[PDB]
Ligand SMILES: Cc1ccc(C)c(OC[C@@H](O)CN2CCOCC2)c1
């Protein structure tokens, strides 16, 4: 798996992408790695933000499916023409697969101006595939047509330019320290899990854990932030605020309506608490917890032209769709999407940003009763 190490790149805030090839002869493209969706979709027309795009006319192996797809989201969309073609991952396993490709022909607020990626690799399950679950996801096609074991793992580092590794079909023990702790995939649509307890600094929010997962809790490499349902966010923030009263901050800041700025190297992190999520374990009444630092929820905003200081965002926010464990969470950990056994493994990342005081941690076992009742029906 050393072939796959460091095979992800990116810029802060713009997501992590891997190099892929499509069609014959190979067209090289940088493709966003997204565990929060299930479509393999690539730019197929000269949108001006794009370095590159899929030229189907060049590919002997391309086959039109004579069906379109339309993918709306909040303030924007993409849409395209479905087909299949041969796909490889140069710094991945040594296979070639016939995959569904959504050739993106029109879009709105999808592509990022200044980004170096041109497509998206949805790694979640068929259930949430558009237009429907009959459209087989890439990773399904990859496993079905090859002897690649049914799992992948991600080490998202983020140092500006960010970096990481997507190990396809296996686990690289060099990417983590300590032991892997596993949480069940509640259902195969998103990578859905159950949070059973939340501690800020050690103290818990004392809320009906059912809330923590209203209506979902998911692991999503395509989201930057830790999202938290309305009520959980309220209490979450209420407590982080109390942990941090040493200095005063505006209301908008907590709502991600404004950024906060300190002077160069002048923001010791200790006015902010560590945050621990307890996840459902593999065994009845057994959990484990993952602990992240404020260096995870305080993310430097890359470049602001109207300033020169240490201006971080607050990487936590509300949600109507549920908890979303994004890069704020994932960059503390090596994460193993163990699809074969329906579970996600967390371990301390060999690359997470630690200091001389505190660290990201994964610890267990803990005893937690009624973890099932934490899941919404
Ligand atoms: C790069 C990009 C552009 C547009 C959209 C809508 C993107 O979303 C990526 C998804 O993984 C978003 N998550 C949000 C949480 O729920 C699952 C989908 C990415």
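By Swiss-Prot numbering, chain A shows 60-218, 229-446, in order.
Using the three backbone atoms N, Cα and C, a Cβ is placed for every residue, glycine included.
Taken from Swiss-Prot, the feature active site applies to 93 (among others), supported by sequence analysis. Listed in sequence order, 74, 179, 180, 181, 182, 183, 289, 290, 291 are the same-chain residues six or more apart from residue 93 (active site) with CB atoms under 8 A from its CB.
Annotation comment: Swiss-Prot describes 126 (among others) as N6-acetyllysine, evidence class experimental evidence. Under 8 Å, Cβ to Cβ, and six or more positions away along its own chain, residue 126 (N6-acetyllysine) finds 140, 141, 190.
The Cβ of residue 153 (N-linked glycosylation site) lies under 8 Å from the Cβ of no residue that sits 6+ residues away along the same chain. Here Swiss-Prot flags 153 (among others) as N-linked glycosylation site, drawing on sequence analysis.
Feature annotation from Swiss-Prot assigns N-linked glycosylation site to 172 (among others); the stated evidence is sequence analysis. The Cβ neighbour count for residue 172 (N-linked glycosylation site), using a 10 Å radius over every protein chain in view, is 8.
Non-local neighbourhood of residue 216 (disulfide bond): 231, 232, 233, 400, 418, 420, 421, each in the same chain, at least six residues away, with C-beta under 8 Å from its C-beta. Classification of residue 216 (disulfide bond) by DSSP places it in coil, neither helical nor stranded. Annotation source Swiss-Prot lists disulfide bond at 216-420 (among others), citing experimental evidence.
Feature annotation from Swiss-Prot assigns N6-acetyllysine to 275 (among others). Mapped onto three states, the DSSP output places residue 275 (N6-acetyllysine) in coil. Counting only same-chain residues at least 6 apart in sequence, none has a Cβ under 8 Å from the Cβ of residue 275 (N6-acetyllysine).
Long-range Cβ proximity for residue 443 (disulfide bond), meaning a same-chain Cβ under 8 A and a gap of 6 or more residues, is found for 263, 264, 265, 278, 279, 281, 282, 349. Per Swiss-Prot, disulfide bond is recorded for 278-443 (among others).
Look at Swiss-Prot and you will find 279 (among others) tagged as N6-acetyllysine.
DSSP gives residue 285 (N6-acetyllysine) a coil state; it is part of no helix or strand. For 285 (among others), the entry in Swiss-Prot reads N6-acetyllysine, with the evidence type experimental evidence.
Annotated active site per Swiss-Prot: 289 (among others), in sequence order. Counting every protein chain shown, the number of other Cβ atoms lying within 10 Å of the Cβ of residue 289 (active site) is 22.
Sequence annotations record features per position, and here Swiss-Prot assigns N6-acetyllysine to 299 (among others). In three-state terms derived from DSSP, residue 299 (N6-acetyllysine) belongs to a helical segment.
Feature annotation from Swiss-Prot assigns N6-acetyllysine to 300 (among others); the stated evidence is experimental evidence. Sequence-distant neighbours of residue 300 (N6-acetyllysine): residues of the same chain at least 6 apart with a C-beta under 8 Å from its C-beta are 276, 280, 283.
If you draw a 10 Å sphere around the CB of residue 307 (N6-acetyllysine), it holds 13 other CB atoms from the protein chains shown. In the three-state DSSP scheme, residue 307 (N6-acetyllysine) falls into the helix class. Annotated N6-acetyllysine per Swiss-Prot: 307 (among others), in sequence order.
The disulfide bond feature in Swiss-Prot is assigned to 330-380 (among others). Annotation note: residue 380 (disulfide bond) sits in a strand segment as assigned by DSSP. The Cβ of residue 380 (disulfide bond) lies under 8 Å from the Cβ of 328, 329, 330, 369, 370, 373, each of which sits 6+ residues away along the same chain.
Around residue 354 (N-linked glycosylation site), a 10 Å sphere centred on its CB holds 12 further CB atoms from the protein chains shown. Residues annotated as N-linked glycosylation site in Swiss-Prot, with sequence analysis given as evidence: 354 (among others).
Checked against ligand 1, the recorded positions 153, 279, 289, 299, 300 give 289 as the ones with a Cβ under 6 Å from it, listed in sequence order. Counting other C-beta atoms within 10 Å of each candidate's C-beta, the modified residues 285, 299 are led by 285. Here 10 residues go unmodelled in the deposited structure, bounded by residue 218 on one side and residue 229 on the other; the Cα atoms of these bounding residues are 8 Å apart. On a Cα basis, residue 299 (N6-acetyllysine) lies 12 Å away from residue 285 (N6-acetyllysine). In this view, the densest Cβ surroundings among the disulfide-bonded residues 330, 420 belong to 420, judged by other Cβ atoms lying within 10 Å.
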